[PDB]
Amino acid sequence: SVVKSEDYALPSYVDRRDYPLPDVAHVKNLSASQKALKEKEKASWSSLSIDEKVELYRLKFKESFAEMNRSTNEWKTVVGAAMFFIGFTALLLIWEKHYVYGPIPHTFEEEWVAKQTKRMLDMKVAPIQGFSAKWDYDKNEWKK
């Protein structure tokens, strides 16, 4: 039951599916009834009740395989919290845009971009695949 820090060098209990029979029993100290049960265990196990069998298991082991292997809802907390902090990050970015960043250059104004786009087409920027290739020079429109 109670494990002490200063016991680090002594054989210890573990529940691990790959180490089914740990180095020590889960419970070593036995009450009067638990002593009687361990004596009863020396006789036929058919004479042990279901309750006595479970009690013997629980003296030897802490958790069963089903218990130690159980799934949890932890993923929900992890994913939810991560999304929260990622969300919080966007607040920082909103703050930065409002208080730190000034105007971007005038070259991003709609009319500038329209003219710059035509000039890029006039000089046939990336005419093989990248840019002008996607413009229809015969129909004077973007290719479908």
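A residue's number is simply how far along the shown sequence it sits, counting from 1.
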Please compare 57 to 65 with 107 to 115 and name the stretch with the higher mean C-alpha B-factor in the deposited structure.
107 to 115
Taking the chain's C-alpha temperature factors as the reference, tell me which third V100 falls into: lowest, middle or highest.
highest
Temperature factor at the Cα of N29, chain-ranked in thirds, falls in the middle
Based on the deposited C-alpha B factors for this chain, I'd like to know if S44 is in the lowest, middle or highest third.
middle
B-factor third for the C-alpha atom of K124 within its chain
middle
Can you tell me whether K76 has a C-alpha B-factor in the lowest, middle or highest third compared with the other modelled residues of the same chain?
middle
